[PDB]
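First the structure, in the form of structure tokens, and then the observations on it.
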RNA sequence: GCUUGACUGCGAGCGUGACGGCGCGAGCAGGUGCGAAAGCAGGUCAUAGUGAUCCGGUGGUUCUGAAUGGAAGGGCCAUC
RNA sequence: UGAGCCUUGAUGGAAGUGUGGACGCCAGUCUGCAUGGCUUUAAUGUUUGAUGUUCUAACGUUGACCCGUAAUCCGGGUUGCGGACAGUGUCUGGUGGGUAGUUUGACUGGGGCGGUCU
RNA sequence: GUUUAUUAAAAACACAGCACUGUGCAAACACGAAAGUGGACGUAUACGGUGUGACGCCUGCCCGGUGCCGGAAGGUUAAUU
RNA sequence: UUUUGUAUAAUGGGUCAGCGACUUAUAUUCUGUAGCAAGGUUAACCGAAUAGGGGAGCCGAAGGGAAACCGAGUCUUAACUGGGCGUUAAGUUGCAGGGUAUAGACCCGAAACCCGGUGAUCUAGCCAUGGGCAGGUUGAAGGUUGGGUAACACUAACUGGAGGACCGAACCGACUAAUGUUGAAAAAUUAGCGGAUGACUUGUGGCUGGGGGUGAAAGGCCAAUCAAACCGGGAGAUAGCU
RNA sequence: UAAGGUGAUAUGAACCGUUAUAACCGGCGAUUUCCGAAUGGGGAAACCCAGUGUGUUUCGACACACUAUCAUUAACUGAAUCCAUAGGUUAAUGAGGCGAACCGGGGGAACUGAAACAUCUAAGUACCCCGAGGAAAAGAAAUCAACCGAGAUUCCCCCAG
Ligand SMILES: [Mg+2]
Ligand SMILES: [Mg+2]
Ligand SMILES: [Mg+2]
Ligand SMILES: [Mg+2]
Ligand SMILES: [Mg+2]
Ligand SMILES: [Mg+2]
Ligand SMILES: [Mg+2]
Ligand SMILES: [Mg+2]
Ligand SMILES: [Mg+2]
Ligand SMILES: [Mg+2]
Ligand SMILES: [Mg+2]
Ligand SMILES: [Mg+2]
Ligand SMILES: [Mg+2]
Ligand SMILES: [Mg+2]
Ligand SMILES: [Mg+2]
Ligand SMILES: [Mg+2]
Ligand SMILES: [Mg+2]
Ligand SMILES: [Mg+2]
Ligand SMILES: [Mg+2]
Ligand SMILES: [Mg+2]
Ligand SMILES: [Mg+2]
Ligand SMILES: [Mg+2]
Ligand SMILES: [Mg+2]
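Here you go:
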């Protein structure tokens, strides 16, 4: 019931809660890989000396990662036919690759771990919407289209 | 059997009823594993309760600086 | 008719039991009731109507109460 | 969907014509709006107990793949499916001749049946 | 066909057949403190347990009692707070 | 010996020789005896070891009451009476003995329970790998051909060769009778008897362990042992019985 | 140390010795087949089979010597995955097995007694398992006392049946 997120995530706390927090929730998730917390003397005081060099992120880091929706929007139509066929269906697999890999059709590269589409995409050919989800802080927009060959 | 961080138990006892049973009791605690070390990453210790809660006030590191050293 | 002796505290001396125990009992002390009074009353005419101990329950008491003052608990008396 | 605090409500700018919700011992008043000169109790915040939803991240995997490795074991990794379930430990109600330890009297014209044990 | 080696060879055990019941596979069930193994490198035309005992014609009435199967609204009810 | 009672035809002993059963430890109490005496006596230990030293302590000279408490008195009761228990009983420490207590407690003896090991060279199942079955019989399914059907079925022969099939040696087993019964033999011999291509029979080796195994089931088998194996231990179990 | 002496059941044969390296006794060594923790692998124990090195070599060979497994450290190699680990190799240390009892500890009966039997007893005994020493164990108060004080543990006699 005592942690220090600092990196708020829907939790009733930001910059790290100094008062009664959740427990057992962090033992395996929050703390690991997520936002380490131990609100125990040692780690506590160490949070005070902070966090300009660590806060400069929301100003600087956010910027070095927010231009996403701006760097990639006017993009030329993504022309990656997904083997449209089968009397009106397709052959190509539309999931993670063609979505992201649709950018290095000229050079630029991305990470397949940023896609935003709950349901898998129906193997169509229409205006495959691709809401690029680089980071929670910033979302982008991409598209995908299938053609006949 | 383990609960490594802390000793363990598995000591016997007699489970009396209404007056008396000269029977025997024993095996306790439990297990679990997969503990993420802030350092590289998790080796799965099979601690148990009183062992798991111990890794908290303590460390994860000192809680391991023994199962190695000694 | 009037009442509460179906009293409380003791008991000379006896009877009867292997024992535990059981029974009879004049007389004494404090207070009673009935009788003018002598006096009678310590449950029923008598003999069956019963359960030892332990573990406890309830009330009473400065008996005791583990450093001391209390208390819990123990004793003692009454009773389940 | 209950309940605790308790947050906002109904009992305990100067006249007239009107509209709505309120309840009745009933003949009535309550109460917003134009022109006109603390408790009984409801909603939101919540804290917390319930069922039920979904998620991954503990946990399972006697699915697949990769190494250790010219292993069917095991471990690590990736991936899938399951998922706070399952299962385990402590505690607890069932059930429990599956097993175990025992009890199941005496008198008596043998014993047993019957009868009797003060 | 089997059985009491050493007093019983049988009408007893078994049998093929029949029926009930359980088991969705990490199966039920069994050995095992566990890991693991058998069942089975099988998967309901399969595997287990119970009873009947080729075959023929059949197998009637009772669900009160006990057991088992379903329900689980209401009553009673453990730890726990 | 045991009995009311035994020459008893109730028990025990063929005979001889040797061995064979009230002990031992500490505690408690009586008796005798010795020491000392309202006092008696030390324990461990020390030690110029049976001395001497050591009196921690144990017992007695006071008892009554549940106790506080009082005290040759004290409890009882409100009682100052009576009644209960006490009050001019010498104890104490050794030694030897009678008894008791805790112990194996005079000696011998169970059927059993518990703990840990040894056993599947017998036997019961099962696993792996090998072997055996003289001879004679019956003669299914399938097929060839003739017939026959529009085509089949159906049939006739011939071929064919099945079967927990038939008869019968080996082999396996045990229904009957005699003999044996201090046997040739701790289950057999003799004459018959059942199965004998099968749920058959057998060699070698392996796997199941005792409350456990295996079991076509008899509580059968698990080394001449089985309603819980053998060996060692708890163990001198316990034995109101002989 | 010494006149004898070559162990015993039996001499006997062949011998060694008397001065001081003959015996015989004591110390330190040398050797010490095969099996056995058995350790190179296997194995019905005292047997079977190999790898890698060696010397003498009439230069095939004989035997010899090393090579078990774990743990600590060292260095070198090193996966899925850059790293890093996992793993691997080598080497030096060390362990391993026996062992009578006492000792610490983990597990733990029943007969028996209670004149039956469940609480209770027997007894934490028997036993089985692990470990260590010459003793082990315990040990310098979060001890006790009772308003005075004592002063770690241990063992002995009392307190007391
Ligand atoms: Mg009368
Ligand atoms: Mg029974
Ligand atoms: Mg018994
Ligand atoms: Mg009788
Ligand atoms: Mg037959
Ligand atoms: Mg027989
Ligand atoms: Mg017979
Ligand atoms: Mg039948
Ligand atoms: Mg007689
Ligand atoms: Mg005679
Ligand atoms: Mg004699
Ligand atoms: Mg008197
Ligand atoms: Mg035949
Ligand atoms: Mg005869
Ligand atoms: Mg014959
Ligand atoms: Mg025949
Ligand atoms: Mg054999
Ligand atoms: Mg036998
Ligand atoms: Mg004994
Ligand atoms: Mg005996
Ligand atoms: Mg060797
Ligand atoms: Mg070897
Ligand atoms: Mg008894």
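Chains as they are written, first to last, in this note's numbering: chain A, 0 to 148; chain B, 21 to 90.
Backbone N, C-alpha and C fix where the C-beta goes; we use that ideal spot for every residue, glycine too.
| Check | Outcome |
| --- | --- |
| CB contact flag (residue 93 of chain A, residue 114 of chain A, <7 angstroms) | no |
| Coarse secondary structure for residue 148 of chain A, derived from DSSP in three states | coil |
| Stretch pair the segment 24-41 of chain B + the segment 73-87 of chain B: three plus CB contacts closer than 8 angstroms | yes |
| Identified DSSP bridge partners for residue 84 of chain A | A/88 |
| Inter-residue spacing [alpha-carbon to alpha-carbon] between residue 88 of chain A and residue 105 of chain A | 28 angstroms |
| Environment of residue 85 of chain A [buried if 16+ CB atoms lie within 10 Å] | exposed |
| Chain-ordered residues of the segment 59-77 of chain B with a beta carbon less than 7 angstroms from chain A | none |
| Residue 77 of chain B - containing beta strand (DSSP E), residue span | Counting along the chain, residue 77 of chain B falls outside any beta strand (DSSP E), though it belongs to the alpha helix (DSSP H) covering 74-77. |
| Identity of the residues DSSP links to residue 63 of chain B by a beta bridge | B/55 |
| Exposure label - residue 4 of chain A; buried when at least 16 CB within 10 Å | buried |
| Segment limits, alpha helix (DSSP H) that includes residue 43 of chain A | 40-47 |
| Contacts around residue 53 of chain B, its chain only, beta-carbon distance under 7 angstroms, and the 5 residues preceding and following it disregarded | 64, 65, 66 |
| Residue(s) in a DSSP beta bridge with residue 78 of chain A | A/144 |
| Contact list for residue 35 of chain A against chain B, beta-carbon separation under 9 angstroms | 58 |
| Enclosing alpha helix (DSSP H) for residue 52 of chain A [first to last residue] | 51-55 |
| Spatially closest choice to residue 144 of chain A from A/124, A/137, A/43, A/131, by CA coordinates | A/124 |
| Cross-chain neighbours of residue 31 of chain A in chain B, by beta carbon under 8 angstroms | 56 |
| Nonlocal neighbours in the same chain, by C-beta distance under 7 angstroms from residue 30 of chain A, ignoring five residues either side | 36 |
| Residue 45 of chain B, DSSP secondary structure in three states | strand |
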